[PDB]
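There are 2 protein chains.
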Amino acid sequence: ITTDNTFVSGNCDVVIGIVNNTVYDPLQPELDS
Amino acid sequence: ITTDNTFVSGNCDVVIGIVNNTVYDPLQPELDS
Ligand SMILES: *[C@@H]1O[C@H](CO)[C@@H](O)[C@H](O)[C@H]1NC(C)=O
Ligand SMILES: *[C@@H]1O[C@H](CO)[C@@H](O)[C@H](O)[C@H]1NC(C)=O
């Protein structure tokens, strides 16, 4: 799950069926490296 | 106004009716931090 394929919206307390995970921004390896 | 919803083309000098404001790149806070 990458933020050039997903987008940020809303909060996790309303939608039903949402699950715990981590979403890997492709900007993160660029900024960490 | 996000660069994930707008794109990079042109300048202030061609298109009629442009108003002066700021554009919040969603990359900009990670660039700053
Ligand atoms: C319907 O979805 C909820 C939330 O995802 C889940 O807890 C529930 O078990 C589901 N219903 C069935 C019959 O599995
Ligand atoms: C994981 O999802 C649950 C909902 O099942 C939520 O309450 C929790 O805040 C989430 N995050 C965690 C455990 O870091």
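For the record, the sequence lines run as chains B and C.
Under the entry's author numbering, the first residue of the first sequence is numbered 1115, with each subsequent residue one higher.
Under the entry's author numbering, the first residue of the second sequence is numbered 1115, with each subsequent residue one higher.
Backbone N, C-alpha and C define an ideal beta-carbon position, used for all residues, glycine too.
For this session: Say yes only if the C-beta of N1125 (chain B) is nearer than 6 Å to one or more non-hydrogen atoms of ligand 2, and no if none qualify.
Result: no
For this session: Using 6 Å as the cut-off, classify the Cβ of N1135 (chain C) as near or not near the heavy atoms of ligand 2, replying yes or no.
Result: no
Exercise. Per DSSP, what kind of secondary structure is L1141 (chain C) in: helix, strand or coil?
Worked result: coil
Exercise. For the 8 Å Cβ check, are there 3 or more pairs between the stretch 1125–1140 of chain C and the stretch 1132–1139 of chain B?
Worked result: no
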